[PDB]
Amino acid sequence: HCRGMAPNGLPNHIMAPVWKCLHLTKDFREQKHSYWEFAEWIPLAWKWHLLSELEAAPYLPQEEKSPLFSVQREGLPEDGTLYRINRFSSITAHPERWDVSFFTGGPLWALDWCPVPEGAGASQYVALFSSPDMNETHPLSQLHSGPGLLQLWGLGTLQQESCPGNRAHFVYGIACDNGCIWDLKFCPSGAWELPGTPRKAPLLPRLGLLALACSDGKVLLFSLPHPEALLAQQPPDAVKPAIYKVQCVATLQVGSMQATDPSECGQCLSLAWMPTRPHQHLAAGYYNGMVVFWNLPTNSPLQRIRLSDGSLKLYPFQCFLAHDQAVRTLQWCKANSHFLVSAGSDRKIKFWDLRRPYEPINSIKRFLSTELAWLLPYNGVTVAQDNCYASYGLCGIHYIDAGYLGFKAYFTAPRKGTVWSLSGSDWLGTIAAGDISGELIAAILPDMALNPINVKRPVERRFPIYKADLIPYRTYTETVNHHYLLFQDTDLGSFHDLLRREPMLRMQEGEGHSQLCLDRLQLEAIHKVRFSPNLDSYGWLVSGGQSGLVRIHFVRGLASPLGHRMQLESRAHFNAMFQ
Amino acid sequence: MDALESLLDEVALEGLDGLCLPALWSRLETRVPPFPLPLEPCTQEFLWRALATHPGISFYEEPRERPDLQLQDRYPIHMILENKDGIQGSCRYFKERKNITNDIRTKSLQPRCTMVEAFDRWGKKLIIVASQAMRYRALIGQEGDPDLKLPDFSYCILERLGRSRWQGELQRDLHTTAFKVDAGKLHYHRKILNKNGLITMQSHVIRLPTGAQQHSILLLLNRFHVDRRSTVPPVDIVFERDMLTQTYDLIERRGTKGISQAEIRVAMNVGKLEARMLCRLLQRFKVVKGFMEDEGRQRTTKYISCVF
Amino acid sequence: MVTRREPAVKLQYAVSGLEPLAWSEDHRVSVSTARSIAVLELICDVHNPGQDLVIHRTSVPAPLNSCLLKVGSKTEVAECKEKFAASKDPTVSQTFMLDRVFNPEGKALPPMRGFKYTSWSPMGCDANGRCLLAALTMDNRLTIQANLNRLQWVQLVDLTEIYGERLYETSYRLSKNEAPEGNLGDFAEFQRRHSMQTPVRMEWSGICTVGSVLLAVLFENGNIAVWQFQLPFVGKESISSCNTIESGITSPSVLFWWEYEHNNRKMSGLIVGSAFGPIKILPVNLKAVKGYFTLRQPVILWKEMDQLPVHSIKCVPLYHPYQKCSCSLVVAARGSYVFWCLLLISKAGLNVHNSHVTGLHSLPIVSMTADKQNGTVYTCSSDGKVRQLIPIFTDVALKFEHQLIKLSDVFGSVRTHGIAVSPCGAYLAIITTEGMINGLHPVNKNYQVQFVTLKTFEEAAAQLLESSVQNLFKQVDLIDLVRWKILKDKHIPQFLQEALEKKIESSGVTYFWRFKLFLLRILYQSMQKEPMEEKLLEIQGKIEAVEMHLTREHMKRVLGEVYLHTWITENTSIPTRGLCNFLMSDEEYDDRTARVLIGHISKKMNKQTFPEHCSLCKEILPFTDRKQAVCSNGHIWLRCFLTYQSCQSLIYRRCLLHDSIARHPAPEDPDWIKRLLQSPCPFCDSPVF
Ligand SMILES: [Zn+2]
Ligand SMILES: [Zn+2]
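From first to last, the protein sequence lines are chains C, A and B.
Sequence positions in the first sequence follow the entry's author numbering and run 290 to 762, 785 to 890.
Sequence positions in the second sequence follow the entry's author numbering and run 1 to 74, 98 to 253, 356 to 433.
Sequence positions in the third sequence follow the entry's author numbering and run 50 to 258, 271 to 590, 663 to 822.
Shown next, in the form of structure tokens:
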């Protein structure tokens, strides 16, 4: 045990896991990430055909302008001006709190950070998908296959000097034919290289590798070029919201050579990359309940074939029927990549051993589970839940031991509404969660190697980052014509007086008391949350949803002396490695 | 069939209360088909030695000399429940009778007593009982599944029917007199036996000593059966909406005509309790209200959203 | 061609583990299940008119005690487990806490006591003429099971109990000097002491010849333990040796016994496949029998390491027509493809050809079985597609042709979890589950074993009439097709009658007389067991006539056996003069050989009576009737159909069909009578127990 208050105003025993998680993640990434992988898959500029605005318009998300909104901040006299910003427009960062908001032109449905190697200090991006329409909704049973746009948004570089006056820039997007996208995952390491890397004119310095869970029931694998190399190739007269028709690196689909019968698997619904070097396997969950694995380097003429345009088609090497219904989530163990966990519409969380796929390590029945998080240091999994089957008031977020320690599920955060998305930060050891109630909640996990019942009141370990409300000055137009979004943000700089500050007193009415809206669009619903996986910007978070507005925050209270120490030591080593 | 097979079958067709020796002789005498071996003192000793030498056969001293069997052509039940060894059936003295197996036979099952020695020593206190596997097999027959585990009430139904052999039992008398329960309570516990198919339903007519005649259901175990003469369309769950939102929208699409919980279940493709939770939550958020409607046998509930 | 047979066997529990359906040579099906093994044995029941498959059911219980592998002394292991659990490194700590091999039971973890896999021995391995069941739990308890009485399954031995003790008795290394004992506190050595004794899969050899059989157990480490069993197997006493070999394969997945003959040479070796995809044959030389030989060098059948897991292997003997020689076909399920390899010994040694037959399925294969006679292969996947796959010989090696079977036309939308071809290819057993209803999942999941016809009645009749094995019990799956036709149409189809008469006329061997007895008994059943009664009485007369024929023929063997061996002057075990009387009873006995043989016996026999006594009476039992003996008090003893002695013991051996009875072999019986008692019935060619 350790007594006293940290200078950020949380007790030291509450923060001590958060500080420990930095060291454990650093030791892991030193050993089990890598600096370069898939050396053959460098982007080729001639595969990136820029669409004109005339060609792009069918792919563009149909909302040209955001809903009206205002932003309020704890301790700042209220602004109250109604903003309304175009598609691909960003407001400017608040000069001190650095929150940023920008409009994606539709409702946000996939989101991941581009993984930037430890110490690189690179430009920091999010790749995202936003649905073509604010009110249209797609049946799970059907291969939608309607065209849509993958988007890449540069957030600048999130360095301290850069945060004031920052903006989010829509550097480019990819026109996708293969339906709407349900999940996005980058190759967790080794894809990135320096934007200043000298390469021959057809090649472009690679930003990343990105895999898409298409509603068309297949996975698209792209290598992203750095934007500067595209803009150096692009004629300067072209439209700067550049929309590219991009040839896939590989197309991943369930089948076999000469398999005439199209697979019953239906939509792809969740991805996991193999969390450890050399990231050779990609796993996907399917509507028919299967989990499917592709070995991306595979030379074998039984798994790999090349299309006439030179893109790959990959068939899987292994599948198993993990679930009785659609696999809503995969999470792959970082500490040992033989183990994987999944959740499904049959509302069982199943822990798997991929050496022995016929029997799960453990199956725990639960409420209908929407996303899982598995933080490196902890044996168990944290579950976001739909409330439709929950014992009333016991819904929300639970951490669930894989079972050896045998603790009860730690009821980390009660929620009335269904948490749509969940994200852990391995650097922080903390988790954040987006709700239809419109709060974004973040919470600190105890040292889960010790019995969580020793936590006498978990309310001391969570805080609301913001709540989205509709203010009245069944469809999107009939909503926005009569309501505007109010975003009210906490003072993230410290957690002093937290349990007395009004956002907590408000949040304690969101828990338990809050009567759930069911009679309008749920326009405030937060569909995705992602902490940064990158040591640079490790305290940054991105969120968004039915409003189509992304909002970004810096959890200033959790960035710490060890974070600064670790960033500088990694910066020195990185600068010693690449020159 | 083998004589010694039929010997064990007659023992195993009684329940956990088993047979006394005179009851066994009575059962062998009353057997259909006829017992192949004529009963004689040498036979009764020989059959006693066969029973004594059988490892699954077991022996008890009952606290009372049991009354002999009535001729069954046309027992007090004492159900043993949730037994931790998993043995099932009825036996009034189950906790009060004592095993005398090691006294009747060695560990090598060699008989320590003759039939007349044992019957002199104990009379109708001597009970022969077949082990749980033997008794259950005699109820199942060969073709049913030993992996089946029944509710103990439903096993007691079989054990009553099993000992009743070709004569069977009337569902009237089972609920009225044996189990002393309402017909629905028996019927509910009988339905599983029809579902797994262990028993047969016979329409039967009682003729009273008053001269009137009355219908009843005869029940017979399969071994002994002999026929006596005389629009809402379903919802494909969408990705982008939670299950409450999707279920409320269904009810609002139904509106004033409403929908039942059963039709919610069918339309949502969910389990019974899962549909029950969805209804109760939408009631508890007071976005939906339930209204009663007498349909068929029951006042069903149909649900309407508070917009209507 | 494909039609469902009427009974679908419902299972109480979830089907479980690797390749969970198997059909044994003994015509018993087993389903490895989360709480049991369901065992279904198919009876060609002659006692009832029910046209269905008559299936008798039993189950092996899951063991109630969670199996812990022995890796050290209790106190040392307990400290090591606490060390690895308490370790601050995520990799060590979570590799320990997640890998269930280290944690077979825990506080919250579910006990994984159900069954992983099962493998039937050949016939004749049991204490009786039946076959043994190898059964492996998911917590790695390898057990051998047998069904001594009809009701119970009993554990004959636990091999994980033995093998863990043998390793502890050698400090977990096969040669002490080759690797001295590493400290259990090293997690790599802790893990190794589990991996070297975690069974993956097991398979039985053919019968070696006193009989013997080999069980190979494959471990996670790529070690293989070959157990040698003496036959008949009765328990731990029968374990002759346990020899461990190292495959050198990484992450091994499956075994089969490649076992083959060319001229005088008997060749065998293990064929082994990895989860990473290569396939290799190992020469097992570590056996006692002199008649076998083993492969000269390990040979590799597939090298490519493509990470398609080798999920199942099968192999079948084939006489290749154009190469005019004995060859062997290997097939292996590799992801969604079938690898096939044909092995053909010549002056070049192994000539080898291989390929992948391609496009079979849009999902991985989940089970496979092969017709051991024809080499027809069947493959299946959890989308419910099942595909018949026929080898066609080619001037060199093979080409494969395949065709889908439309299970939707017999079952509707279905998931198929496993298939098993019956021993003569008559039936395909299928585990079935509710399928996708046009893109909607089923709410309730239930597992049912379902049987479909592969062969027509005319093919079954032909393969019975032209049978090479000439044994009814081995062909009862084909016989059930004949039985089904008769019970459906209440007559023997005339071409079967004509051909059987021609076979009886031209050859007359007792197989056809046994076939006549079966056909007549099913015919008697078919007309509800009046002219119908006149026909029943007539057919019963024919049954009695062919009963008498088979009795006479068996008596001829018995009487000859008694004549050829030493005469037991005490007449102890055969009613030899009663047999002679029975063989002079009737003027029908035109067989001069029997008539002189009763002369030779009655010359050789003692003039002293040496009668059999009714033990309840100390009174003679005259050889009064074919089926039974009766004393003067009129109480009755059953007749042994093997030796015609009376069965006066309190226990006696009953044929599977209850058609006939046999005495237990006593220590006072001579070897040749003990060999005569170890034989199928005269009437049904099937186990007497
Ligand atoms: Zn007698
Ligand atoms: Zn027989």
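Think of the CB as a built atom: it goes at the ideal place given N, C-alpha and C, for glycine as much as any other residue.
I need the boundaries of the beta strand (DSSP E) containing residue i, first residue and last residue.
i	result
residue 43 of chain B	Past the edges of chain B, shown from 50 to 822, lies residue 43 of chain B, and the structure says nothing about it.
residue 518 of chain B	It is not in any beta strand (DSSP E) - residue 518 of chain B instead sits in the alpha helix (DSSP H) that spans 518-526.
residue 72 of chain B	70-72
residue 138 of chain A	Segment 138-145 is the alpha helix (DSSP H) holding residue 138 of chain A; no beta strand (DSSP E) there.
residue 464 of chain B	459-466
residue 463 of chain C	458-465
residue 953 of chain C	Residue 953 of chain C lies beyond the residue range present for chain C, which begins at 290 and ends at 890; the question has no answer from this structure.
residue 751 of chain C	751-760
residue 406 of chain C	Premise fails: residue 406 of chain C is in no beta strand (DSSP E) and is neither H nor E.
residue 376 of chain B	371-381
residue 674 of chain B	Unbroken run through residue 674 of chain B is the alpha helix (DSSP H), 664-697; no beta strand (DSSP E).
Exposed or buried, which one is residue i when buried takes at least 16 other CB atoms within 10 Å?
i	result
residue 877 of chain C	buried
residue 372 of chain A	buried
residue 670 of chain B	exposed
residue 205 of chain A	exposed
residue 260 of chain B	In this structure residue 260 of chain B is absent; chain B steps straight from 258 to 271.
residue 392 of chain B	buried
residue 810 of chain B	buried
residue 362 of chain C	buried
residue 736 of chain B	exposed
Between the C-alpha atoms of residue i and residue j, what's the straight-line distance to the nearest angstrom?
i	j	result
residue 528 of chain C	residue 348 of chain C	15 Å
residue 489 of chain C	residue 464 of chain C	26 Å
residue 512 of chain B	residue 472 of chain B	11 Å
residue 302 of chain B	residue 288 of chain B	6 Å
residue 511 of chain C	residue 439 of chain C	11 Å
residue 444 of chain C	residue 617 of chain C	29 Å
residue 257 of chain B	residue 590 of chain B	45 Å
residue 140 of chain A	residue 112 of chain A	29 Å
residue 9 of chain A	residue 772 of chain B	21 Å
residue 382 of chain C	residue 798 of chain C	15 Å
residue 156 of chain A	residue 169 of chain A	9 Å
residue 66 of chain A	residue 84 of chain B	40 Å
residue 881 of chain C	residue 869 of chain C	19 Å
residue 132 of chain B	residue 239 of chain B	11 Å
residue 57 of chain B	residue 702 of chain B	57 Å
residue 459 of chain B	residue 411 of chain B	16 Å
Since residue i and residue j should fall inside the 8 Å C-beta cutoff, what is the C-beta to C-beta distance between them, to a whole number of angstroms?
i	j	result
residue 407 of chain C	residue 318 of chain C	6 Å
residue 540 of chain B	residue 587 of chain B	With a Cβ gap of about 15 Å, residue 540 of chain B and residue 587 of chain B do not count as contacting.
residue 777 of chain B	residue 733 of chain B	Not quite, the Cβ-Cβ distance comes to about 18 Å (not below 8 Å), so this is no contact.
residue 457 of chain B	residue 468 of chain B	Contact flag wrong, Cβ pair sits at about 35 Å.
For the alpha helix (DSSP H) containing residue i, name the first residue and the last one.
i	result
residue 516 of chain C	516-522
Let me know the beta strand (DSSP E) ranges lying completely inside the stretch 130-184 of chain B, each 3 residues or longer, listed in chain order. 164-169
Any beta strand (DSSP E) of 3 or more consecutive residues that is wholly inside the stretch 837-872 of chain C: 839-842, 851-855 and 860-865
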